[PDB]
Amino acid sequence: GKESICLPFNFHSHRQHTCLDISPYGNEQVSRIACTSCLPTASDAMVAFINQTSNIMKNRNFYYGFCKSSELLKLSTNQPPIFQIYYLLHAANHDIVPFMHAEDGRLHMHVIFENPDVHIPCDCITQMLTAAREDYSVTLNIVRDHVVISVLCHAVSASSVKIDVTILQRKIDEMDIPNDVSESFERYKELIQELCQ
């Protein structure tokens, strides 16, 4: 590929018009023009955030990461970028497992990639950066031989929209958790502990 990157990779290091390519052979950034592997905008993802309660099942993979915590879910409703960043990553890569964690009164998200080969399209990165601007760090690392994108919130700025929290909590409480989703969290128990600590 075109150029090695150092891990952990903070997305503030993103070179315009490049994709990230992670494989067992190395960690690289490549020209989007030259990329053989190569989506919604941050605005689209904000509309989806606004419309969450109309799309609970559609966004079920997101809500599993809360592990039925009403407290975490409430925090998410004050922080659109958590949902926005998941939504963007999910569009480019379905084989992901997000886990949410609160620290210092703020919600943070770790997105665990199931497969060892991971391509992050340029168009995904640029939209994540829009969603993350100022108040979040977004970093890619390999942790326990898994690619993980960590979304850490430094400050929670006022959101100028309100979600119906009660409706959202009720729908999340009612969701079934499939066996394979519970199993994946158990698989990743040591990984999740490392990320959170």
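The numbering used is simple: start at 1 and walk along the sequence shown.
Modelling of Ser137 is complete across the other compared entries in which both of its neighbours are modelled; not even a third of them leave it out. At least a third of the other compared entries skip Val161 while keeping the residues on either side. Unmodelled stretch separating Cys38 from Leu39: 4 to 9 residues (count of deposited-sequence residues without coordinates). When the mean C-alpha temperature factors of 74-82 and 95-103 are read from the deposited coordinates, 95-103 comes out higher. In the deposited entry, the Cα temperature factor of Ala131 places it in the lowest third of its chain's modelled residues. Per-chain ranking of the deposited C-alpha B factor places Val156 in the middle third.
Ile149: CA B factor lies in the lowest third for its chain, per the PDB record. In the deposited entry, the Cα temperature factor of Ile33 places it in the highest third of its chain's modelled residues.
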